[PDB]
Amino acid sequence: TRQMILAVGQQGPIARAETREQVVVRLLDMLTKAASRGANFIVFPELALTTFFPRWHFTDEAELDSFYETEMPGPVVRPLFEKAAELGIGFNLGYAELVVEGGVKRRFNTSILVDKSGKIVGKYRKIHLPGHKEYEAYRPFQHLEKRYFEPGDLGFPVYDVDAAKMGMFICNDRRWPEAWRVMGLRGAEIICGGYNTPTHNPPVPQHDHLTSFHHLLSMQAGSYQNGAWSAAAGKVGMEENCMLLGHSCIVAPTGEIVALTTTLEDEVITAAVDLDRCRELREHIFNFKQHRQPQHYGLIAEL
């Protein structure tokens, strides 16, 4: 039938002291609510198991490490996978990943796709890390993602998830046309991910009142120009004195926003998705094989 119901599980703030066990209870509730509304897949936020720690400068490595996952799923997150399999609803979960390879402690801002059987069918690691690497005094709050993570090493893959071709993006990635295009060329039908986007931008505060605008503009344009359904799940609200943007959403291949959250708390939204709708764009106005002229795009791939 190539039909399904897609859901987004927006998260309200996660406190510094809030435990992973408490967070999983919240994730379970939304996954259950989504299933009750007929959803077959639910998108969760970026770094959805803890508070957004990149806002602080750490001096103790042990303390920094505590915010990362060394297993997936571990005993605490396991319940989410079991419930997903029980109710037949897959999900996209974001978390901080720590893996030791060749004597190096590698840190990634990661997301995984789990199918309706509870099996991990794909992983992606954030390639476009926003922010800075060194502590910057002029900022009211830090954004040290470049210091706490290294660029992803998996490229922008597209995976088969319960008969749907899905690609992942994480937060800032959604603002880069290149990320969307690579997955579009790989045939993605659904492009989804999560985000933590403060409504205040220290470097350019004159853009603060445009935060929602820029976020939604990026989702709509990406979907439209690649003929893909998309979804963005945000962790929102006042988290540790920093306001995070709401407006989690689901978008059609036409760029039309078909579902939008209106609260800054845990909230589930859903939308009926017809995977064949992608054809209205990809077989016509954006029929790549018939219209693209790659011989003129070389500069985009130059190092």
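A residue's number is simply how far along the shown sequence it sits, counting from 1.
Averaged over C-alpha atoms, is the B-factor higher for 127-135 or for 103-111 in this PDB entry? Higher mean C-alpha B-factor: 127-135.
Should the higher mean CA B-factor in the entry be assigned to 259-267 or to 60-68? Higher mean C-alpha B-factor: 60-68.
Which of these, 203, 167, 152, 94, has its C-alpha atom at the highest B-factor, as the entry lists it? The record points to 203.
From 227, 90, 75, 177, which pick has the Cα B-factor that tops the rest in the entry? Highest CA B-factor of the listed options: 75.
Place residue 199 in the lowest, middle or highest third of its chain's C-alpha B-factors, as listed in the PDB entry. Middle third by C-alpha B-factor.
Lowest, middle or highest third: where is residue 294 by Cα B-factor in its chain? For residue 294, the deposited C-alpha B-factor lands in the highest third.
Chain-relative CA temperature factor third for residue 163: According to the entry, residue 163 has a C-alpha B-factor in the chain's highest third.
Is residue 4 in the lowest, middle or highest third of its chain when residues are ranked by C-alpha B-factor? Within its chain, residue 4 is a middle-third residue by C-alpha B-factor, going by the deposited values.
Ranked C-alpha temperature factor of residue 187 among modelled chain residues, by third: As the PDB entry reports it, the C-alpha B-factor of residue 187 lands in the middle third of its chain.
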